[PDB]
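File shown here: model-v4.csv, holding CSV, C-alpha atoms and all ligand atoms.
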```csv
chain,number,residue,atom,x,y,z
T,1,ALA,CA,-28.1,16.2,-51.8
T,2,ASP,CA,-25.9,16.4,-54.8
T,3,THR,CA,-25.2,13.1,-56.5
T,4,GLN,CA,-22.6,11.7,-58.9
T,5,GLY,CA,-23.1,8.4,-60.7
T,6,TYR,CA,-24.1,6.3,-63.7
T,7,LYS,CA,-27.2,5.8,-65.9
T,8,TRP,CA,-27.8,3.2,-68.5
T,9,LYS,CA,-30.5,2.7,-71.1
T,10,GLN,CA,-29.0,-0.7,-71.6
T,11,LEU,CA,-26.1,-2.5,-69.9
T,12,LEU,CA,-23.6,-3.0,-72.7
T,13,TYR,CA,-20.5,-5.1,-72.4
T,14,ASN,CA,-16.9,-4.3,-73.4
T,15,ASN,CA,-15.2,-6.9,-75.6
T,16,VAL,CA,-18.3,-9.1,-76.3
T,17,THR,CA,-19.3,-9.5,-80.0
T,18,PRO,CA,-22.1,-7.1,-80.7
T,19,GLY,CA,-25.3,-9.0,-81.5
T,20,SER,CA,-24.4,-12.1,-79.5
T,21,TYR,CA,-26.7,-11.0,-76.7
T,22,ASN,CA,-29.8,-8.7,-76.4
T,23,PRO,CA,-28.8,-5.6,-74.3
T,24,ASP,CA,-32.4,-5.3,-73.0
T,25,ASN,CA,-32.0,-8.7,-71.3
T,26,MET,CA,-29.0,-7.7,-69.2
T,27,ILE,CA,-30.7,-6.7,-66.0
T,28,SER,CA,-28.7,-5.7,-63.0
T,29,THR,CA,-30.2,-6.2,-59.6
T,30,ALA,CA,-27.4,-5.1,-57.4
T,31,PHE,CA,-24.0,-3.5,-57.1
T,32,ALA,CA,-21.0,-3.1,-54.7
T,33,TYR,CA,-18.5,-0.3,-54.8
T,34,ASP,CA,-14.9,-0.8,-53.6
T,35,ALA,CA,-13.8,2.7,-52.6
T,36,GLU,CA,-10.1,1.9,-52.0
T,37,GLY,CA,-9.8,0.2,-55.4
T,38,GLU,CA,-12.1,2.7,-57.3
T,39,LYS,CA,-14.0,-0.4,-58.6
T,40,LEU,CA,-17.7,-1.0,-59.2
T,41,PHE,CA,-19.2,-4.5,-59.2
T,42,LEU,CA,-22.6,-5.2,-60.7
T,43,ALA,CA,-24.7,-8.3,-60.4
T,44,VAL,CA,-26.4,-9.3,-63.7
T,45,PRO,CA,-28.2,-12.6,-62.9
T,46,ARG,CA,-28.6,-15.1,-65.7
T,47,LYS,CA,-32.4,-14.6,-65.7
T,48,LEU,CA,-32.5,-14.2,-69.4
T,49,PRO,CA,-30.4,-15.8,-72.1
T,50,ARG,CA,-26.9,-14.9,-73.2
T,51,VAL,CA,-25.5,-13.0,-70.2
T,52,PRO,CA,-21.7,-12.9,-70.9
T,53,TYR,CA,-20.7,-12.0,-67.3
T,54,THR,CA,-22.9,-12.4,-64.2
T,55,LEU,CA,-20.3,-10.6,-62.1
T,56,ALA,CA,-19.3,-7.5,-64.0
T,57,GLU,CA,-16.9,-4.7,-63.1
T,58,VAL,CA,-16.3,-1.1,-64.1
T,59,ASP,CA,-13.2,1.1,-63.3
T,60,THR,CA,-14.8,4.3,-61.9
T,61,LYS,CA,-11.4,6.2,-61.9
T,62,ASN,CA,-11.9,7.8,-65.3
T,63,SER,CA,-15.7,7.9,-65.2
T,64,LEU,CA,-17.3,8.8,-61.9
T,65,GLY,CA,-18.5,12.4,-61.8
T,66,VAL,CA,-16.9,13.1,-65.2
T,67,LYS,CA,-19.3,14.7,-67.7
T,68,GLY,CA,-19.8,12.4,-70.8
T,69,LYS,CA,-18.9,9.2,-69.1
T,70,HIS,CA,-22.3,8.4,-67.5
T,71,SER,CA,-22.7,4.9,-69.1
T,72,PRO,CA,-19.5,2.9,-68.7
T,73,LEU,CA,-19.3,-0.5,-70.5
T,74,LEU,CA,-19.4,-3.5,-68.3
T,75,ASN,CA,-16.3,-5.7,-68.1
T,76,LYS,CA,-15.5,-9.3,-67.1
T,77,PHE,CA,-14.7,-9.6,-63.4
T,78,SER,CA,-10.9,-9.3,-63.2
T,79,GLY,CA,-10.8,-12.4,-61.1
T,80,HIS,CA,-12.3,-14.4,-64.0
T,81,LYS,CA,-11.2,-16.0,-67.2
T,82,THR,CA,-14.3,-17.1,-69.1
T,83,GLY,CA,-17.4,-16.0,-67.3
T,84,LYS,CA,-18.4,-19.5,-66.3
T,85,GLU,CA,-16.8,-19.3,-62.8
T,86,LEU,CA,-20.0,-18.0,-61.5
T,87,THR,CA,-23.3,-19.2,-62.9
T,88,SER,CA,-25.8,-16.6,-61.7
T,89,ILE,CA,-25.6,-14.0,-59.0
T,90,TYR,CA,-28.1,-11.4,-57.6
T,91,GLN,CA,-26.0,-9.4,-55.1
T,92,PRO,CA,-22.4,-8.5,-54.4
T,93,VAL,CA,-21.3,-7.5,-50.9
T,94,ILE,CA,-18.0,-6.1,-49.7
T,95,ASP,CA,-17.0,-6.7,-46.0
T,96,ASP,CA,-14.7,-5.0,-43.6
T,97,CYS,CA,-11.7,-6.9,-44.9
T,98,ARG,CA,-12.3,-5.9,-48.6
T,99,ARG,CA,-13.5,-9.4,-49.5
T,100,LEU,CA,-16.1,-9.5,-52.3
T,101,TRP,CA,-18.9,-11.9,-51.5
T,102,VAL,CA,-21.5,-13.1,-54.0
T,103,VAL,CA,-24.1,-15.9,-53.8
T,104,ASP,CA,-24.1,-18.1,-56.9
T,105,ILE,CA,-27.5,-19.5,-57.0
T,106,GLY,CA,-26.2,-22.3,-59.2
T,107,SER,CA,-28.5,-22.4,-62.2
T,108,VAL,CA,-29.8,-20.1,-64.9
T,109,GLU,CA,-33.5,-19.1,-65.1
T,110,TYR,CA,-34.4,-19.7,-68.7
T,111,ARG,CA,-34.4,-22.9,-71.0
T,112,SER,CA,-32.6,-23.5,-74.2
T,113,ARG,CA,-31.0,-20.5,-76.0
T,114,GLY,CA,-27.5,-21.3,-74.6
T,115,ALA,CA,-28.5,-22.6,-71.2
T,116,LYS,CA,-26.2,-25.6,-71.7
T,117,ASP,CA,-23.3,-23.2,-71.7
T,118,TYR,CA,-24.0,-22.7,-67.9
T,119,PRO,CA,-24.3,-26.2,-66.4
T,120,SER,CA,-26.1,-26.3,-63.1
T,121,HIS,CA,-24.6,-27.1,-59.7
T,122,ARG,CA,-25.5,-26.5,-56.0
T,123,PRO,CA,-25.8,-22.9,-54.7
T,124,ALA,CA,-22.5,-21.5,-53.5
T,125,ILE,CA,-21.3,-18.6,-51.3
T,126,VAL,CA,-18.1,-17.4,-53.0
T,127,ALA,CA,-15.6,-14.7,-51.9
T,128,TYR,CA,-12.8,-13.0,-53.7
T,129,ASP,CA,-10.0,-11.0,-52.2
T,130,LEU,CA,-9.9,-7.4,-53.6
T,131,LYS,CA,-6.7,-6.7,-51.7
T,132,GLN,CA,-4.7,-9.2,-53.8
T,133,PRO,CA,-4.6,-8.8,-57.5
T,134,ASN,CA,-6.2,-10.0,-59.5
T,135,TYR,CA,-8.9,-11.0,-57.1
T,136,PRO,CA,-8.3,-14.6,-56.1
T,137,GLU,CA,-11.1,-16.8,-54.8
T,138,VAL,CA,-10.6,-17.2,-51.0
T,139,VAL,CA,-14.0,-18.7,-50.0
T,140,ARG,CA,-16.1,-21.3,-51.8
T,141,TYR,CA,-18.9,-23.0,-49.8
T,142,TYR,CA,-21.5,-25.3,-51.4
T,143,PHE,CA,-25.0,-25.6,-49.8
T,144,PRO,CA,-25.7,-29.1,-48.6
T,145,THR,CA,-28.7,-30.4,-50.6
T,146,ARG,CA,-30.7,-30.8,-47.3
T,147,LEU,CA,-30.8,-27.0,-47.0
T,148,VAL,CA,-31.7,-25.8,-50.6
T,149,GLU,CA,-35.0,-23.9,-50.3
T,150,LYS,CA,-35.8,-22.0,-53.6
T,151,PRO,CA,-32.4,-20.3,-54.2
T,152,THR,CA,-33.9,-18.1,-56.9
T,153,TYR,CA,-35.5,-16.0,-54.2
T,154,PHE,CA,-32.4,-15.0,-52.3
T,155,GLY,CA,-32.3,-11.2,-51.6
T,156,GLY,CA,-29.9,-9.1,-49.6
T,157,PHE,CA,-27.2,-10.6,-47.4
T,158,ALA,CA,-24.8,-9.4,-44.7
T,159,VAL,CA,-21.3,-10.5,-43.9
T,160,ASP,CA,-20.5,-10.5,-40.2
T,161,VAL,CA,-16.8,-10.4,-39.5
T,162,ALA,CA,-16.1,-11.0,-35.8
T,163,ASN,CA,-12.3,-10.5,-36.2
T,164,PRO,CA,-11.8,-7.7,-38.8
T,165,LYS,CA,-8.2,-7.1,-37.6
T,166,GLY,CA,-7.2,-10.8,-37.6
T,167,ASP,CA,-7.3,-13.3,-40.5
T,168,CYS,CA,-11.0,-12.4,-41.0
T,169,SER,CA,-12.1,-16.1,-40.7
T,170,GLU,CA,-14.6,-15.7,-37.8
T,171,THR,CA,-17.3,-14.7,-40.2
T,172,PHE,CA,-21.0,-15.3,-40.5
T,173,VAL,CA,-23.2,-14.8,-43.6
T,174,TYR,CA,-26.9,-14.2,-43.3
T,175,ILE,CA,-28.8,-14.5,-46.6
T,176,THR,CA,-32.4,-13.4,-47.0
T,177,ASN,CA,-35.0,-15.3,-49.0
T,178,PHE,CA,-38.2,-13.3,-49.8
T,179,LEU,CA,-40.4,-16.2,-50.9
T,180,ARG,CA,-39.8,-18.5,-47.9
T,181,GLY,CA,-39.5,-15.6,-45.3
T,182,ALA,CA,-36.3,-17.3,-44.4
T,183,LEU,CA,-32.7,-16.6,-43.3
T,184,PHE,CA,-30.0,-19.0,-44.4
T,185,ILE,CA,-27.1,-18.8,-41.9
T,186,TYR,CA,-23.5,-19.7,-42.7
T,187,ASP,CA,-20.8,-20.3,-40.2
T,188,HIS,CA,-17.5,-19.9,-42.0
T,189,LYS,CA,-15.4,-21.1,-39.1
T,190,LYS,CA,-17.3,-24.3,-38.6
T,191,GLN,CA,-18.0,-24.7,-42.3
T,192,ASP,CA,-21.6,-25.4,-41.3
T,193,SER,CA,-25.0,-23.9,-42.3
T,194,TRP,CA,-28.7,-24.0,-41.4
T,195,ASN,CA,-32.0,-22.4,-42.3
T,196,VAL,CA,-34.2,-20.3,-40.0
T,197,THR,CA,-37.8,-19.2,-40.4
T,198,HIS,CA,-39.8,-16.7,-38.3
T,199,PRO,CA,-43.4,-15.3,-38.7
T,200,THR,CA,-41.6,-11.9,-38.6
T,201,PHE,CA,-39.8,-12.6,-41.9
T,202,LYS,CA,-43.1,-12.7,-43.8
T,203,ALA,CA,-44.9,-10.1,-45.9
T,204,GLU,CA,-47.6,-7.9,-44.5
T,205,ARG,CA,-49.8,-6.4,-47.2
T,206,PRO,CA,-48.9,-6.7,-50.9
T,207,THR,CA,-46.7,-3.9,-52.2
T,208,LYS,CA,-48.3,-1.6,-54.8
T,209,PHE,CA,-46.1,-0.6,-57.8
T,210,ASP,CA,-47.1,1.9,-60.6
T,211,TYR,CA,-46.0,1.0,-64.1
T,212,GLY,CA,-47.3,2.5,-67.4
T,213,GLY,CA,-50.3,4.1,-65.7
T,214,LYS,CA,-51.4,0.8,-64.1
T,215,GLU,CA,-51.2,-0.5,-60.5
T,216,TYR,CA,-49.3,-3.8,-60.1
T,217,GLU,CA,-48.7,-5.8,-56.9
T,218,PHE,CA,-46.1,-8.1,-55.3
T,219,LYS,CA,-45.8,-9.9,-52.0
T,220,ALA,CA,-42.3,-10.4,-50.7
T,221,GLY,CA,-40.9,-11.6,-47.4
T,222,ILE,CA,-37.4,-10.5,-45.9
T,223,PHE,CA,-35.1,-8.8,-48.4
T,224,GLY,CA,-33.6,-7.1,-46.4
T,225,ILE,CA,-30.6,-7.3,-43.9
T,226,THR,CA,-28.0,-4.9,-42.4
T,227,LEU,CA,-25.6,-5.0,-39.4
T,228,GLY,CA,-25.2,-2.4,-36.7
T,229,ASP,CA,-22.6,-1.4,-34.1
T,230,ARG,CA,-20.8,-4.3,-32.3
T,231,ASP,CA,-20.5,-4.5,-28.5
T,232,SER,CA,-17.3,-5.6,-26.7
T,233,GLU,CA,-18.1,-9.3,-27.3
T,234,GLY,CA,-18.6,-8.7,-31.0
T,235,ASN,CA,-22.4,-9.0,-31.3
T,236,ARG,CA,-24.6,-6.4,-33.0
T,237,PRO,CA,-28.2,-5.7,-34.0
T,238,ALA,CA,-29.1,-7.1,-37.5
T,239,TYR,CA,-31.8,-4.9,-39.0
T,240,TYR,CA,-34.1,-6.5,-41.4
T,241,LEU,CA,-37.3,-5.9,-43.4
T,242,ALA,CA,-39.6,-7.7,-45.7
T,243,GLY,CA,-40.1,-6.2,-49.2
T,244,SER,CA,-43.9,-6.0,-48.8
T,245,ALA,CA,-44.0,-4.3,-45.5
T,246,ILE,CA,-43.4,-1.1,-43.6
T,247,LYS,CA,-42.2,-2.7,-40.4
T,248,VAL,CA,-38.5,-2.9,-39.4
T,249,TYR,CA,-37.1,-5.5,-36.9
T,250,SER,CA,-33.7,-6.2,-35.4
T,251,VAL,CA,-32.4,-9.4,-33.9
T,252,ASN,CA,-29.1,-9.9,-32.2
T,253,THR,CA,-26.4,-11.7,-34.0
T,254,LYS,CA,-25.9,-13.7,-30.8
T,255,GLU,CA,-29.2,-15.6,-31.3
T,256,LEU,CA,-28.4,-15.9,-35.0
T,257,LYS,CA,-25.0,-17.7,-34.7
T,258,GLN,CA,-26.6,-20.4,-32.4
T,259,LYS,CA,-27.9,-23.3,-34.6
T,260,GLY,CA,-31.2,-24.5,-33.1
T,261,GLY,CA,-31.7,-21.5,-30.8
T,262,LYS,CA,-34.9,-19.5,-30.4
T,263,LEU,CA,-35.0,-16.0,-31.9
T,264,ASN,CA,-36.3,-12.9,-30.1
T,265,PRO,CA,-36.8,-10.2,-32.7
T,266,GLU,CA,-37.7,-6.7,-31.5
T,267,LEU,CA,-40.2,-4.5,-33.4
T,268,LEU,CA,-38.9,-1.0,-34.0
T,269,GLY,CA,-41.5,-0.6,-35.6
T,270,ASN,CA,-42.8,1.0,-38.8
T,271,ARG,CA,-42.0,3.6,-41.6
T,272,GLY,CA,-45.6,4.7,-42.5
T,273,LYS,CA,-47.8,3.6,-45.4
T,274,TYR,CA,-46.7,2.7,-49.0
T,275,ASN,CA,-43.0,3.0,-48.3
T,276,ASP,CA,-42.1,-0.6,-48.9
T,277,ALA,CA,-38.4,-1.1,-49.6
T,278,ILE,CA,-36.5,-4.2,-50.6
T,279,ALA,CA,-33.1,-2.9,-49.5
T,280,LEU,CA,-31.8,-1.1,-46.4
T,281,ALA,CA,-28.3,0.0,-45.2
T,282,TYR,CA,-26.9,0.9,-41.8
T,283,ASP,CA,-24.2,3.6,-41.6
T,284,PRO,CA,-21.8,3.3,-38.7
T,285,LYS,CA,-20.7,7.0,-38.8
T,286,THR,CA,-24.2,8.6,-38.6
T,287,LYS,CA,-26.1,5.7,-37.1
T,288,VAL,CA,-28.7,6.2,-39.8
T,289,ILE,CA,-30.4,3.4,-41.8
T,290,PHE,CA,-31.2,4.2,-45.4
T,291,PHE,CA,-34.0,2.6,-47.4
T,292,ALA,CA,-34.2,2.4,-51.2
T,293,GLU,CA,-38.0,2.3,-51.8
T,294,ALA,CA,-40.1,0.5,-54.3
T,295,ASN,CA,-42.7,2.9,-55.5
T,296,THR,CA,-42.1,6.3,-53.9
T,297,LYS,CA,-39.2,7.3,-56.2
T,298,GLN,CA,-37.2,8.1,-53.0
T,299,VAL,CA,-34.4,7.1,-50.7
T,300,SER,CA,-35.4,7.5,-47.0
T,301,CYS,CA,-33.6,7.5,-43.7
T,302,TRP,CA,-34.1,6.8,-40.0
T,303,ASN,CA,-31.6,7.6,-37.2
T,304,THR,CA,-31.4,4.5,-35.0
T,305,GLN,CA,-31.0,6.6,-31.9
T,306,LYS,CA,-34.4,8.2,-32.3
T,307,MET,CA,-36.9,5.6,-30.9
T,308,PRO,CA,-39.4,4.5,-31.6
T,309,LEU,CA,-39.4,4.2,-35.4
T,310,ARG,CA,-42.5,6.1,-36.6
T,311,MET,CA,-42.8,8.0,-39.9
T,312,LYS,CA,-42.3,11.3,-38.0
T,313,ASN,CA,-38.7,10.0,-37.2
T,314,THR,CA,-37.9,9.5,-40.9
T,315,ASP,CA,-37.0,11.9,-43.7
T,316,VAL,CA,-36.0,11.8,-47.4
T,317,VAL,CA,-32.4,12.1,-48.6
T,318,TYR,CA,-33.1,11.7,-52.4
T,319,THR,CA,-36.0,12.2,-54.8
T,320,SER,CA,-36.1,11.5,-58.5
T,321,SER,CA,-39.2,10.9,-60.8
T,322,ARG,CA,-36.8,8.5,-62.5
T,323,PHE,CA,-35.8,6.5,-59.5
T,324,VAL,CA,-38.3,3.7,-60.4
T,325,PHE,CA,-37.9,0.7,-58.1
T,326,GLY,CA,-35.1,1.1,-55.7
T,327,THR,CA,-33.3,-2.2,-55.6
T,328,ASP,CA,-30.0,-1.8,-53.7
T,329,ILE,CA,-28.3,0.5,-51.2
T,330,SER,CA,-25.0,0.3,-49.4
T,331,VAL,CA,-22.5,2.6,-47.7
T,332,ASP,CA,-18.9,2.4,-48.9
T,333,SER,CA,-15.5,2.4,-47.2
T,334,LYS,CA,-15.1,6.2,-47.3
T,335,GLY,CA,-18.7,6.6,-46.1
T,336,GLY,CA,-20.2,7.0,-49.5
T,337,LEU,CA,-24.0,6.4,-49.8
T,338,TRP,CA,-24.8,4.4,-52.9
T,339,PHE,CA,-28.3,3.6,-54.1
T,340,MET,CA,-29.7,1.9,-57.3
T,341,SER,CA,-32.9,1.6,-59.2
T,342,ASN,CA,-33.6,-0.7,-62.2
T,343,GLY,CA,-37.4,-0.7,-62.7
T,344,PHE,CA,-37.4,-4.4,-62.1
T,345,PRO,CA,-39.7,-5.4,-59.2
T,346,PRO,CA,-40.6,-9.0,-58.4
T,347,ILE,CA,-43.7,-9.1,-60.7
T,348,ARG,CA,-44.4,-11.5,-63.7
T,349,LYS,CA,-43.0,-10.0,-66.9
T,350,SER,CA,-41.2,-7.0,-65.3
T,351,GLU,CA,-38.2,-7.7,-67.4
T,352,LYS,CA,-40.2,-6.2,-70.3
T,353,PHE,CA,-41.0,-3.0,-68.4
T,354,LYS,CA,-39.6,-0.1,-70.5
T,355,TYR,CA,-39.1,3.5,-69.6
T,356,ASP,CA,-38.5,6.8,-71.5
T,357,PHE,CA,-35.4,7.4,-69.4
T,358,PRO,CA,-32.4,5.1,-68.6
T,359,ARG,CA,-33.7,2.1,-66.6
T,360,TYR,CA,-30.6,1.5,-64.6
T,361,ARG,CA,-29.6,4.3,-62.2
T,362,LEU,CA,-26.8,4.3,-59.7
T,363,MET,CA,-26.1,7.3,-57.6
T,364,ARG,CA,-23.7,8.3,-54.8
T,365,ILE,CA,-24.0,11.0,-52.2
T,366,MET,CA,-20.4,11.8,-51.4
T,367,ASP,CA,-20.9,11.2,-47.6
T,368,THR,CA,-23.7,10.3,-45.3
T,369,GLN,CA,-23.4,13.7,-43.4
T,370,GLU,CA,-24.0,15.6,-46.7
T,371,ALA,CA,-27.1,13.4,-47.0
T,372,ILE,CA,-28.9,13.9,-43.7
T,373,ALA,CA,-28.1,17.7,-43.3
T,374,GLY,CA,-31.2,19.7,-42.3
T,375,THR,CA,-33.3,16.5,-41.8
T,376,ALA,CA,-35.0,14.5,-39.0
T,377,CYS,CA,-32.2,12.0,-39.4
T,378,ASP,CA,-29.7,14.6,-38.1
T,379,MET,CA,-28.4,15.2,-34.7
T,380,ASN,CA,-30.1,17.7,-34.5
R,1,LIG,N1,-34.6,-5.3,-58.9
R,1,LIG,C1,-34.4,-6.8,-58.9
R,1,LIG,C2,-35.3,-7.4,-57.8
R,1,LIG,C3,-34.5,-8.4,-57.0
R,1,LIG,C4,-34.7,-9.8,-57.0
R,1,LIG,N2,-33.8,-10.4,-56.2
R,1,LIG,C5,-33.0,-9.4,-55.6
R,1,LIG,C6,-31.9,-9.5,-54.7
R,1,LIG,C7,-31.3,-8.2,-54.4
R,1,LIG,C8,-31.8,-7.1,-55.0
R,1,LIG,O1,-31.2,-5.9,-54.6
R,1,LIG,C9,-32.8,-7.0,-55.8
R,1,LIG,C10,-33.4,-8.2,-56.1
```

Could the structure of this file be written out as structure tokens, please?
Amino acid sequence: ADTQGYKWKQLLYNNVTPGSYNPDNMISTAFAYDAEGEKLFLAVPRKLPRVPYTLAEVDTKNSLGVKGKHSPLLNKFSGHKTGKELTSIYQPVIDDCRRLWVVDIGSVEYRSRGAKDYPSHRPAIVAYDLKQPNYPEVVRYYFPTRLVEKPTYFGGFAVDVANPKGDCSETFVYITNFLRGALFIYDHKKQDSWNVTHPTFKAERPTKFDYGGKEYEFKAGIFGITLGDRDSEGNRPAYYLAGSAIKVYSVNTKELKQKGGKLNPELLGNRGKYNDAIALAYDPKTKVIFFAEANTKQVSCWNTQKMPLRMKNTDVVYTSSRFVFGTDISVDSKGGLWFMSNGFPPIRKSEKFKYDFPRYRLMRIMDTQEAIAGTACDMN
């Protein structure tokens, strides 16, 4: 229930000329913590002008849990020279083999004001090897033009490593898209990809979001994807959710890896009213799924072994009046539970939402057992 972590009023960069960018325009949408390396990676998409590094890192060795060091400066990704090696990213994910995966969407989202400095190209899935220094690029796959479908609306993704003890090449990537209610599926082995749509990937009712005493609204599809326990053949449930929704589905990875196959998603089925979340994370050690919620100022949980999913089977692991718009959640290598808010929901002009407390908030609960103790997500 204790947390350690970081808080920023503004995301400032180390070794970047002061004044050559506006620190309020640096908006982080996602993170990934490498527990073995004591490294934190932050996605800062090039949504607004003058973002020096779209993949940014901080060394948490000094800082984490140390009084006075709550706002580390962002650094260039150690695997990069200039900052132009990735154009714009929304989400970093670390797999079972300590490969750092990002999805370069391939263009910036503003016009003029230095946009020429970041020339466009086709969306790419890119991976860096954290095991080797200093983080060499080991995967670079471009989307075939036939499959591009609004890359700016890519949400969470999952990296499915069939052979975590081999060369780690039998690997699937499922990337959510919250506009199209779509999953883009990438077969790393075959070097092939395809898009899949399902009525299940779509928004239910619009999500309600309170800012500055008013009620705003957004309508997002799938956002929204995490991987469960493998069976002896290497298939697993892939849990997903739409942002604007309270229902949770799973679909087997078996049906996902089959290009042109029918999908048979199972309802699970719902978390109760107004608990919309855009991010969810499955923990292998407790079998709990954690939700970083949009408007409730909370992080919630559901043990996957308690069926069916009703509200009565969920609880709260974190509450903070300052946790405005949960935007990312993952569990790390040493079973750390990380969750992030940034007061940046998918609503027109949300970049200019301002708060009396630090906008960017990243917390860790030391382990998932610590989290769920004395709660309906326990055992028992
Ligand atoms: N808080 C930023 C909203 C957002 C837009 N796209 C995203 C992708 C991943 C994510 O965690 C969040 C987002």

Which stretch 173-247 of chain T residues have any atom within 12 Å of an atom of stretch 97-102 of chain T, and for each, what is the nearest pair of atoms with distance in Å to one decimal, counting only C-alpha atoms, rows sorted by chain and number, as a Markdown table?
```
| residue | atom | partner | partner_atom | distance |
| --- | --- | --- | --- | --- |
| T:173 | CA | T:101 | CA | 9.5 |
| T:174 | CA | T:101 | CA | 11.7 |
| T:175 | CA | T:102 | CA | 10.5 |
```

Put those residues in a file: C-alpha atoms, as an mmCIF file, in the coordinates of the input.
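Result written to out_22.cif:
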```cif
data_model
loop_
_atom_site.group_PDB
_atom_site.id
_atom_site.type_symbol
_atom_site.label_atom_id
_atom_site.label_comp_id
_atom_site.auth_asym_id
_atom_site.auth_seq_id
_atom_site.Cartn_x
_atom_site.Cartn_y
_atom_site.Cartn_z
ATOM 1 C CA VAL T 173 -23.200 -14.800 -43.600
ATOM 2 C CA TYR T 174 -26.900 -14.200 -43.300
ATOM 3 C CA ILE T 175 -28.800 -14.500 -46.600
#
```

Kindly provide, as an mmCIF file with C-alpha atoms, in the coordinates of the input, the polymer residues lying within 10 Å of (-29.1, -6.3, -34.2), counting only C-alpha atoms and using the coordinates exactly as they appear in the file.
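As a result, out25.cif now contains:
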```cif
data_model
loop_
_atom_site.group_PDB
_atom_site.id
_atom_site.type_symbol
_atom_site.label_atom_id
_atom_site.label_comp_id
_atom_site.auth_asym_id
_atom_site.auth_seq_id
_atom_site.Cartn_x
_atom_site.Cartn_y
_atom_site.Cartn_z
ATOM 1 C CA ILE T 225 -30.600 -7.300 -43.900
ATOM 2 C CA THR T 226 -28.000 -4.900 -42.400
ATOM 3 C CA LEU T 227 -25.600 -5.000 -39.400
ATOM 4 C CA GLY T 228 -25.200 -2.400 -36.700
ATOM 5 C CA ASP T 229 -22.600 -1.400 -34.100
ATOM 6 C CA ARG T 230 -20.800 -4.300 -32.300
ATOM 7 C CA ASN T 235 -22.400 -9.000 -31.300
ATOM 8 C CA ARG T 236 -24.600 -6.400 -33.000
ATOM 9 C CA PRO T 237 -28.200 -5.700 -34.000
ATOM 10 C CA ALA T 238 -29.100 -7.100 -37.500
ATOM 11 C CA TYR T 239 -31.800 -4.900 -39.000
ATOM 12 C CA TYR T 240 -34.100 -6.500 -41.400
ATOM 13 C CA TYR T 249 -37.100 -5.500 -36.900
ATOM 14 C CA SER T 250 -33.700 -6.200 -35.400
ATOM 15 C CA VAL T 251 -32.400 -9.400 -33.900
ATOM 16 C CA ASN T 252 -29.100 -9.900 -32.200
ATOM 17 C CA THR T 253 -26.400 -11.700 -34.000
ATOM 18 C CA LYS T 254 -25.900 -13.700 -30.800
ATOM 19 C CA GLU T 255 -29.200 -15.600 -31.300
ATOM 20 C CA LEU T 256 -28.400 -15.900 -35.000
ATOM 21 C CA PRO T 265 -36.800 -10.200 -32.700
ATOM 22 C CA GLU T 266 -37.700 -6.700 -31.500
#
```

Quiz prompt | Proximity to ligand LIG 1 (chain R) - best of T:74, T:26, T:377, T:246, all atoms listed in the file | solution = T:26

Quiz item: Can you tell me, as a list in words, what residues are no more than 8 Å from residue T:171 when counting all atoms listed in the file, ignoring any on the same chain fewer than 3 positions away?
Solution: residues 159, 160, 161, 162, 163, 168, 187, 188 and 189 of chain T

Exercise. Find the residues near residue T:279: any atom within 9 Å, counting all atoms listed in the file, skip ones fewer than 2 places away on the same chain, and give them as JSON, numbers by chain.
Key: {"T": [155, 156, 223, 224, 225, 226, 240, 241, 242, 243, 277, 281, 290, 291, 292, 293, 326, 327, 328, 329, 330]}

Practice problem: Write out as a ChimeraX atom specification each polymer residue whose atoms come within 10 Å of residue T:317, counting all atoms listed in the file; drop sequence neighbours fewer than 6 positions from it. | Solution: /T:1-2,290-291,298-301,365,368,370-375,377

Self-check item: Within 7 Å of stretch 56-67 of chain T using all atoms listed in the file, minus same-chain residues under 5 positions, as a list in words
Solution: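 Listing them by chain and then by number gives residues 4, 5, 38, 39, 40, 41, 42, 43, 72, 74, 75, 76 and 77 of chain T.
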
Give me the residues of chain T that have any atom at most 7 Å from an atom of ligand LIG 1 (chain R); for each, the nearest atom pair and the distance in Å, rounded to one decimal. Use all atoms listed in the file, sort by chain and number, and format it as CSV.
```
residue,atom,partner,partner_atom,distance
T:29,CA,R:LIG1,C1,4.3
T:30,CA,R:LIG1,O1,4.8
T:90,CA,R:LIG1,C6,5.1
T:91,CA,R:LIG1,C7,5.5
T:153,CA,R:LIG1,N2,6.2
T:154,CA,R:LIG1,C6,6.0
T:155,CA,R:LIG1,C6,3.6
T:156,CA,R:LIG1,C7,5.1
T:278,CA,R:LIG1,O1,6.9
T:279,CA,R:LIG1,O1,6.2
T:325,CA,R:LIG1,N1,6.9
T:327,CA,R:LIG1,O1,4.4
T:328,CA,R:LIG1,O1,4.4
T:342,CA,R:LIG1,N1,5.7
T:343,CA,R:LIG1,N1,6.6
T:344,CA,R:LIG1,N1,4.3
T:345,CA,R:LIG1,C2,5.0
T:346,CA,R:LIG1,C2,5.6
```

Expected residue set, 9 Å radius at (-28.5, -14.4, -72.1), only C-alpha atoms, as an mmCIF file with C-alpha atoms, in the coordinates of the input:
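Saved the output as part_26.cif:
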```cif
data_model
loop_
_atom_site.group_PDB
_atom_site.id
_atom_site.type_symbol
_atom_site.label_atom_id
_atom_site.label_comp_id
_atom_site.auth_asym_id
_atom_site.auth_seq_id
_atom_site.Cartn_x
_atom_site.Cartn_y
_atom_site.Cartn_z
ATOM 1 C CA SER T 20 -24.400 -12.100 -79.500
ATOM 2 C CA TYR T 21 -26.700 -11.000 -76.700
ATOM 3 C CA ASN T 22 -29.800 -8.700 -76.400
ATOM 4 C CA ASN T 25 -32.000 -8.700 -71.300
ATOM 5 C CA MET T 26 -29.000 -7.700 -69.200
ATOM 6 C CA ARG T 46 -28.600 -15.100 -65.700
ATOM 7 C CA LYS T 47 -32.400 -14.600 -65.700
ATOM 8 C CA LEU T 48 -32.500 -14.200 -69.400
ATOM 9 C CA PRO T 49 -30.400 -15.800 -72.100
ATOM 10 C CA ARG T 50 -26.900 -14.900 -73.200
ATOM 11 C CA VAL T 51 -25.500 -13.000 -70.200
ATOM 12 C CA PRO T 52 -21.700 -12.900 -70.900
ATOM 13 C CA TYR T 110 -34.400 -19.700 -68.700
ATOM 14 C CA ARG T 113 -31.000 -20.500 -76.000
ATOM 15 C CA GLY T 114 -27.500 -21.300 -74.600
ATOM 16 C CA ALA T 115 -28.500 -22.600 -71.200
#
```
